[PDB]
Structures are given as structure tokens and as C-alpha cells.
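First up is the structure itself, then whatever we jot down about it.
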Amino acid sequence: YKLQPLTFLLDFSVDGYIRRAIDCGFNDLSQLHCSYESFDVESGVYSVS
Amino acid sequence: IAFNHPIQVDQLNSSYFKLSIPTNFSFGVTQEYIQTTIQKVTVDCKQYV
């Protein structure tokens, strides 16, 4: 798989090894997740690019 | 700019008192606005810059 510069929201475990990641570029929901720096965000209608 | 004088009613020295009583209904007063709400605007990221 090719590597591209991307901004990724990373969930760091207490063990210190990431088990979850999110990419802002793919999908409208991922940009909402990148906003607030949170994997889970409040339900609602949000503007997108 | 002039101060218009309101009708002047003298106070009687005697126990009996003098009062001014209206003779006509004179309806038709009106005019009020509250500005309860304002327009809602959402900024668009990336496209604006």
C-alpha cells in the first residue's frame, strides 16, 4: 500500500499501542470525528467541506 | 427644542379637589417590534481559504 501524507486521529491504549485510527480525508463522518479530537461525537446535523 | 407644557391643574386650598376628565376615546395607538431571532450562518472550511 502506498504512503501519503495524511492527518489521522489516533486512539492510544493504556498499553500504549494504538488499536483504533480515523482518517479525516475519507468520508464526511471522519471529518466530524477529527473535529473535537473525539472518536465519538454528539448526534446532530453538521456542515461539511 | 421646546418643552411643551402639560395641562396645569391647580390644587384647591379647600378640602374639595379639582380634577381634569377626558371627553373623547381617541383610539388608534400602535407600533412595536422585538427582533427575536437573527440569520444563521455556517462557515465552510478549505473552500473559503
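Ligands are numbered from 1 in the order shown, residues from 1 within each chain, and chains are lettered A, B, ... in the order they appear in the C-alpha cells.
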
Next on the checklist: When you look at range 21-38 of chain B with a cut-off of 12 Å (counting only C-alpha atoms), what residues show up, excluding the ones that are within fewer than 2 positions of it in the same chain? I need them as a PyMOL selection string.
Outcome noted: chain B and resi 7+9+18-19+40-41

Report the closest atom pair, with its distance in Å rounded to one decimal, for each residue of chain B that has an atom no farther than 8 Å from chain A; count only C-alpha atoms, sort by chain and then rising residue number, and write it as CSV.
residue,atom,partner,partner_atom,distance
B:42,CA,A:47,CA,6.9
B:44,CA,A:49,CA,5.7
B:45,CA,A:49,CA,5.6
B:46,CA,A:49,CA,6.6
B:47,CA,A:49,CA,6.9

Next on the checklist: For the structure I just gave you, how does DSSP split chain A - specifically, which residues are alpha helix (DSSP H)? Reply as a VMD selection string.
Outcome noted: chain A and resid 28 to 34

Dump of C-alpha atoms for the selected residues, as a CSV table (one decimal), in the first residue's frame:
chain,number,residue,atom,x,y,z
A,28,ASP,CA,-18.0,13.2,5.9
A,29,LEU,CA,-18.3,11.4,9.3
A,30,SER,CA,-14.5,11.1,9.6
A,31,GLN,CA,-14.0,14.9,9.3
A,32,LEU,CA,-16.6,15.3,12.1
A,33,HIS,CA,-14.6,12.7,14.2
A,34,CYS,CA,-11.4,14.6,13.5

Item to check | Non-local contacts of residue 23 in chain A (7 Å; only C-alpha atoms; under 3 positions in same chain excluded) as an MDAnalysis selection string | outcome: chainID A and resid 7:9 26 30

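Here the DSSP assignment of strand (DSSP E or B), based on backbone atoms, applies within chain A to residues 8, 9, 10, 11, 12, 18, 19, 20, 21, 22 and 23 of chain A.
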